[PDB]
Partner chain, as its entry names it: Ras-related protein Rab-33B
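Single chain ahead, by itself, as structure tokens, in the form deposited without its partner chain.
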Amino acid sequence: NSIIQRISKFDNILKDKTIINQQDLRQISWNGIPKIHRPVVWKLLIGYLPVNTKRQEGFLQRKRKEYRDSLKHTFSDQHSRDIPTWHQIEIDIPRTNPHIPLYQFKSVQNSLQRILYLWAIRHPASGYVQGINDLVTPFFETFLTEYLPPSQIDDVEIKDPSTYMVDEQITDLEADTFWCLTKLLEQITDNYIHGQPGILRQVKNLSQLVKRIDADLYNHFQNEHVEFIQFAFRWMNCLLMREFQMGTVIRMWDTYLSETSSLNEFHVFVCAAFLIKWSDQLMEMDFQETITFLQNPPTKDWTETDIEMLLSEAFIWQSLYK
């Protein structure tokens, strides 16, 4: 399974086939998608780009035009709680992914501002919710790589998009990111409506799962008064993004998108397997040590092997439970 060979396998699935076979694509993508293919494959797996290649050009033109029109319509046109929401998002943008240079560029901040604003305006039941600013980034960053030479994809996090893309392309990127973010969130809608009932349910599900497979760890938490919400809310709210390096998050998403192409369900098992990995270590920690540890897991040097192992385990656990 050489890197070059793998790229070729995806090429024959994606090119010169007229109608792309979703089944074949999901099967191979589960084990990781070559970076050069992520933009296209992610859009196909999430249900944005149509599998019939003959319908893609028109589809994109219409979707990208719709994004533009919607944004134009939502600007100084109506008289709603618009402005306030815009400022609420303005407060979080500059503070998103402070450890990654890409996110401090003004072009990036303005692009994310528009994307999140439009989604927020289109979802009154949720409005803008902290956490969505994190979820939009893996899509934004991955889709951005399609505009760079393949040999420079590894530098997407340090280059200003306005230095290699014209305004029209940045808007196209914004549209694709927006529609894909929309498709993602539609699978976990109640995770973000007021009161975030979906997240509370997820945390309860994780709590019950752990009580099931590791009663000793569960009992230790009780004795040390460790509540799952104290560390798992963030795990659920940002889909574990705040617990891993972006490269690891991107790789994880290849599998999440392939597996759900059931998001909440699969995520709960990944969280359980992640937690259980630290079980022995956690058994020797008190409240403060535990919270500090779970909000700052030692995943800095995780490799493809580490991530692949976690996902594979979560898949087996989920399969057994069903």
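Positions refer to the first chain, counted from 1.
- Unmodelled deposited residues between residue 261 and residue 262: 10 or more, per the record.
- With 265-273 and 55-63 compared on mean CA B-factor from the PDB entry, the stretch scoring higher is 55-63.
- Checked against the record, the higher mean CA B factor of 2-10 and 311-319 lies with 2-10.
- By the numbers in the PDB entry, the CA B factor is greatest at 242 among 183, 251, 114, 242.
- Highest C-alpha temperature factor among 138, 94, 198, 247, as the PDB entry reports it: 94.
- The PDB entry assigns residue 234 a C-alpha temperature factor belonging to the lowest third of its chain's modelled residues.
- Residue 291: CA B factor lies in the highest third for its chain, per the PDB record.
- Compared with the other modelled residues of the chain, the Cα B-factor recorded for residue 44 ranks in the lowest third.
- Among the modelled residues of its chain, residue 77 has a C-alpha B-factor that falls in the highest third according to the deposited record.
- Ranked by Cα temperature factor within the chain, residue 158 sits in the highest third according to the deposited record.
Beyond what is shown, the protein has a form solved in complex with its partner chain; the following relates to that form.
- Across the options 213-221, 83-91, 138-146, 174-182, residues that bring heavy atoms within 4.5 Å of its partner chain in the deposited bound form belong to 83-91.
- Interface membership of residue 245, defined by any non-hydrogen atom within 4.5 Å of its partner chain in the deposited bound form, is ruled out.
- Its partner chain in the deposited bound form is not approached by residue 154, whose heavy atoms all lie more than 4.5 angstroms from it.
- Although the partner is absent here, residue 79 is not a contact residue: none of its heavy atoms lies within 4.5 angstroms of its partner chain in the deposited bound form.
- Among heavy atoms of residue 111, none comes within 4.5 Å of its partner chain in the deposited bound form.
- When contacts are defined as a non-hydrogen atom within 4.5 Å, all of 98, 128 and 192 contact its partner chain in the deposited bound form.
- Out of the listed residues 279, 53, 295, 70, 295 is the one that sits within 4.5 Å of its partner chain in the deposited bound form by at least one heavy atom.
- Of the residues 28, 46, 40, 291, just one reaches its partner chain in the deposited bound form with a heavy atom at 4.5 Å or closer; this is 291.
- Looking at 213-251, the residues that come within 4.5 Å of its partner chain in the deposited bound form, counting any heavy atom, are 227, 229, 230, 233, 234, 237, 238, 242.
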